[PDB]
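Chemist: The listed protein sequences derive, respectively, from chains R, U, Z and G.
The numbering of the first sequence is this note's numbering, which starts it at 342 and goes up by one.
The numbering of the second sequence is this note's numbering, which starts it at 7 and goes up by one.
The numbering of the third sequence is this note's numbering, which starts it at 95 and goes up by one.
The numbering of the fourth sequence is this note's numbering, which starts it at 855 and goes up by one.
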Amino acid sequence: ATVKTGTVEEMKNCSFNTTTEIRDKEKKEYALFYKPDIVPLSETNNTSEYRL
Amino acid sequence: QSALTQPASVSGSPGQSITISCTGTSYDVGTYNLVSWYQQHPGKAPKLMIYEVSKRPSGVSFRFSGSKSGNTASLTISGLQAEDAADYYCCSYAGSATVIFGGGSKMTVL
Amino acid sequence: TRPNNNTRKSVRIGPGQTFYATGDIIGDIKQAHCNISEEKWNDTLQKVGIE
Amino acid sequence: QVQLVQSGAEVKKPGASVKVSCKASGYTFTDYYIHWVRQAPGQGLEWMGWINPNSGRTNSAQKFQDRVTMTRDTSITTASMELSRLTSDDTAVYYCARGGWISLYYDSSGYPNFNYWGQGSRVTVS
Ligand SMILES: *[C@@H]1O[C@H](CO)[C@@H](O[C@@H]2O[C@H](CO)[C@@H](O[C@@H]3O[C@H](CO[C@H]4O[C@H](CO)[C@@H](O)[C@H](O)[C@@H]4O)[C@@H](O)[C@H](O[C@H]4O[C@H](CO)[C@@H](O)[C@H](O)[C@@H]4O[C@H]4O[C@H](CO)[C@@H](O)[C@H](O)[C@@H]4O)[C@@H]3O)[C@H](O)[C@H]2NC(C)=O)[C@H](O)[C@H]1NC(C)=O
Ligand SMILES: *[C@@H]1O[C@H](CO)[C@@H](O[C@@H]2O[C@H](CO)[C@@H](O[C@@H]3O[C@H](CO)[C@@H](O)[C@H](O)[C@@H]3O)[C@H](O)[C@H]2NC(C)=O)[C@H](O)[C@H]1NC(C)=O
Ligand SMILES: *[C@@H]1O[C@H](CO)[C@@H](O[C@@H]2O[C@H](CO)[C@@H](O[C@@H]3O[C@H](CO)[C@@H](O)[C@H](O)[C@@H]3O)[C@H](O)[C@H]2NC(C)=O)[C@H](O)[C@H]1NC(C)=O
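Next comes the structure, spelled out in structure tokens:
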């Protein structure tokens with residue numbers, strides 16, 4: 342988020358590439374998500390990469 | 007998204023009750039009781055005169071009152087003094103964690 | 095209650111179906127809570143204890 | 855009693871930036887929001903938003919849109935504004951003022967309750 346207060350830290354800005362109305366075209370979009378649904382990507386090393 | 011509209015100036019006799027009005031929109035007021043009034047002597051930072059539409063702050067005497075109605079609100083000053091020659095302003099919650107400051111009105115005295 | 099004003103956005107994914115998610119919590123971020131009167135709760139725990 | 859102490863006067867060239875700041879004293883600043891206003895010498899006041907001293911989070915007023923940014927330093931009870939690309943239109947007295955109480959469970963950031971004000975500071979753009 343900002344980090345700081347634990348109640349704010351949790352608001353993870355989460356950017357990703359999603360399929361557009363045309364299947365060939367792809368758009369980079371972000372969705373605000375918080376805590377548990379966002380899981381550190383398996384086999385990464387404390388990186389910015391996460392999984393659902 | 008404009009400033010609260012206020013009379014440029016108002017006046018009256020010593021001892022006279024003066025009411026100062028401020029106008030906005032239903033999004034600005036109907037939704038909120040987040041209304042206050044300030045006054046300032048020229049050259050000085052302003053004093054808070056009213057909280058929560060009509061509540062006197064400690065330090066504000068029982069001359070000052072107020073109310074809200076519809077898209078407007080007003081301050082009532084009983085007992086007009088020469089000493090009231092100060093600018094008066096409204097301000098209120100704009101919504102979306104932002105604040106409207108009013109245009110202001112000047113007190114002049116007779 | 096949940097105090098923070100939260101905006102919403104949607105994303106079209108392929109044809110038809112849209113997905114919804116928070117745009118950004120638009121206010122300040124305060125805690126989420128449940129108020130309960132103490133009086134009545136301490137009256138309850140003892141009344142249950144009696145029975 | 856509650857103090858809000860500002861810097862002295864300053865003058866800048868167009869396009870320049872200025873830091874405006876204030877020190878809080880006589881009370882604990884961590885418990886309140888700090889808001890900022892401007893008053894041009896012939897005008898009413900313009901409002902700039904609140905900085906939560908603890909979080910360092912803020913909301914910027916309409917017609918600024920990051921033209922001005924705000925920061926804080928809790929170790930010295932000091933609030934600051936960083937005002938960029940100054941135009942002659944920006945000449946005004948800047949004031950530091952204390953807003954409502956802050957608490958973790960309910961939002962009280964919009965409250966127009968400016969009980970304590972600083973001295974004001976002159977910002978001139980030449
Ligand atoms: C769920 O349950 C929790 C409690 O577990 C509850 O949290 C409480 O919420 C209430 C909501 O009103 C909070 O009340 C505010 O508390 C502040 C704090 O003041 C206290 O401490 C100071 C000293 O530090 C004392 O002087 C004071 O007497 C209190 O003991 C008050 O200051 C607030 O009232 C004022 O501010 C309001 C606007 O913010 C004004 O409208 C009001 O008129 C009061 O103004 C006073 O202060 C002004 C400062 O600007 C001053 O200008 C005025 O002249 C005047 O002096 C208000 O009482 C309470 O603190 C919360 N408690 C905690 C610790 O969280 C949740 O609300 C509840 N949730 C629900 C309802 O679901
Ligand atoms: C989450 O991350 C995204 C980026 O992946 C953030 O969106 C980006 O926000 C920045 C700052 O608002 C944008 O920069 C601005 O772009 C506009 C033109 O679009 C420009 O005029 C400004 O001067 C500035 O450069 C950036 O474009 C934008 N990217 C987009 C559109 O995806 C998003 O704000 C972040 N959200 C949160 C809540 O953290
Ligand atoms: C919480 O956030 C929502 C955002 O969805 C707010 O609703 C919207 O707020 C905006 C800005 O206040 C409104 O836009 C404009 O409001 C002004 C206020 O005078 C008005 O003059 C403009 O013509 C315009 O309507 C918007 O209409 C409103 N509606 C939406 C999009 O939901 C909500 O007000 C916020 N609540 C709080 C308590 O902050």
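Note that CB positions come from ideal geometry on N, CA and C, so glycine has one too.
Between the stretch 349–364 of chain R and chain Z, which residues of the former have CB atoms less than 7 Å from a CB of the latter, in chain order?
Modeler: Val349, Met352, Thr359, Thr360, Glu362, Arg364
Chemist: Does any heavy atom of ligand 3 sit closer than 7 Å to the C-beta of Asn386 of chain R?
Modeler: For the purposes of this step, residue 386 of chain R is identified with residue 45 of the first sequence, where counting begins at 1. Checking the 7 Å criterion, the Cβ of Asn386 of chain R is out of range of every heavy atom belonging to ligand 3.
Chemist: Nearest by alpha-carbon distance to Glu384 of chain R: which of R:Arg392, R:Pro377, R:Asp378 is it?
Modeler: Taking the first sequence and counting its residues from 1, one reaches residue 384 of chain R at position 43. Checking every option, the nearest Cα to that of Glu384 of chain R belongs to R:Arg392.
Chemist: Taking 5 Å as the limit, tell me which residues put their C-beta closer than that to any heavy atom of ligand 2, in chain order.
Modeler: R:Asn354, R:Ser356, R:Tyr371, Z:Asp118
Chemist: Output the distance between the C-alpha atoms of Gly903 of chain G and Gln140 of chain Z, rounded to the nearest integer angstrom.
Modeler: The count along the fourth sequence starts at 1 and reaches residue 903 of chain G at position 49. The count along the third sequence starts at 1 and reaches residue 140 of chain Z at position 46. Roughly 49 Å between the two C-alpha positions.
Chemist: In terms of residue numbering, what span does the beta strand (DSSP E) encompassing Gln857 of chain G cover?
Modeler: What you label residue 857 of chain G is simply residue 3 of the fourth sequence in a count that begins at 1. Note, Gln857 of chain G: beta strand (DSSP E), 857–860.
Chemist: Note down, in chain order, every chain Z residue with its Cβ under 9 Å from the Cβ of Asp961 of chain G.
Modeler: Translated into positions along the fourth sequence, residue 961 of chain G becomes position 107. Within 9 Å Cβ-Cβ: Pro97, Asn98, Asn99, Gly121, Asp122, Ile123, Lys124.
Chemist: Kindly indicate which three-state DSSP category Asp378 of chain R falls into: helix, strand or coil?
Modeler: Taking the first sequence and counting its residues from 1, one reaches residue 378 of chain R at position 37. Residue state, collapsed to three classes: helix.
Chemist: According to the neighbour-count rule (16 or more other Cβ atoms, all chains shown, within 10 Å of its Cβ), is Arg952 of chain G buried or exposed?
Modeler: Within the fourth sequence, residue 952 of chain G is the residue found at index 98, counting from 1. It is buried - the Cβ of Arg952 of chain G has at least 16 other Cβ atoms within 10 Å.
Chemist: Excluding the 5 residues preceding and the 5 following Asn99 of chain Z in the sequence, name in chain order all residues of the same chain whose CB lies nearer than 8 Å to its CB.
Modeler: For the purposes of this step, residue 99 of chain Z is identified with residue 5 of the third sequence, where counting begins at 1. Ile119, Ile120, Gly121, listed in sequence order.
Chemist: Can you give me the start and stop residues for the beta strand (DSSP E) that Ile106 of chain U sits inside?
Modeler: Within the second sequence, the letter at position 100 stands for residue 106 of chain U. Counting along the chain, the beta strand (DSSP E) containing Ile106 of chain U begins and ends at 104–107.
Chemist: Nearest-angstrom Cα distance between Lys345 of chain R and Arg911 of chain G?
Modeler: Taking the first residue of the first sequence as 1, we reach residue 345 of chain R at position 4. Taking the first residue of the fourth sequence as 1, we reach residue 911 of chain G at position 57. Roughly 9 Å separates the two Cα atoms.
Chemist: Listed from N- to C-terminal order along the chain, which residues in the stretch 914–927 of chain G have their beta-carbon within a distance smaller than 8 Å of any beta-carbon of chain Z?
Modeler: Here the close residues number zero.
Chemist: Need the endpoints of the beta strand (DSSP E) that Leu54 of chain U sits in, please.
Modeler: For the purposes of this step, residue 54 of chain U is taken as residue 48 along the second sequence, with counting starting at 1. Element bounds for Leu54 of chain U: 53–56.
Chemist: Thinking just about the alpha-carbon of each residue, which of Z:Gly108, Z:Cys128, Z:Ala115, Z:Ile123 is nearest to the one in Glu367 of chain R?
Modeler: Your numbering for residue 367 of chain R matches position 26 in the first sequence. Cα-wise, what sits closest to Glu367 of chain R is Z:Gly108.
Chemist: With DSSP as the reference, label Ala88 of chain U as helix, strand or coil.
Modeler: Position 82 of the second sequence, counted from the start, is the residue given in the question as residue 88 of chain U. If DSSP states are grouped into helix, strand and coil, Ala88 of chain U belongs with the helices.
Chemist: Taking 7 Å as the line, does the beta carbon of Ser875 of chain G fall inside it for any heavy atom of ligand 3?
Modeler: Translated into the one-based positions of the fourth sequence, residue 875 of chain G becomes position 21. No; taking the cut-off as 7 Å, the Cβ of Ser875 of chain G has no heavy atom of ligand 3 nearer than that.
Chemist: Of the residues R:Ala372, R:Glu390, R:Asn387, R:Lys376, which one's Cα is nearest the Cα of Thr101 of chain Z?
Modeler: Your numbering for residue 101 of chain Z matches position 7 in the third sequence. With distances taken between Cα atoms, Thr101 of chain Z lies closest to R:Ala372.
Chemist: Based on Cα-Cα distance, which residue from G:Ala870, G:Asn908, G:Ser962, G:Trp971 lies nearest to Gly880 of chain G?
Modeler: The sequence position of residue 880 of chain G within the fourth sequence is 26, counting from 1. Closest by alpha carbon: G:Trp971.
Chemist: Just list the residues that DSSP pairs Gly76 of chain U with in beta bridges.
Modeler: As a working mapping, residue 76 of chain U is identified with position 70 in the second sequence. Answer is none; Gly76 of chain U lacks a bridge partner.
Chemist: Examine chain R for any beta-carbon lying closer than 8 Å to the beta-carbon of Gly910 of chain G, and answer yes or no.
Modeler: Translated into positions along the fourth sequence, residue 910 of chain G becomes position 56. Using a CB distance cut-off of 8 Å, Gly910 of chain G counts as an interface residue toward chain R.
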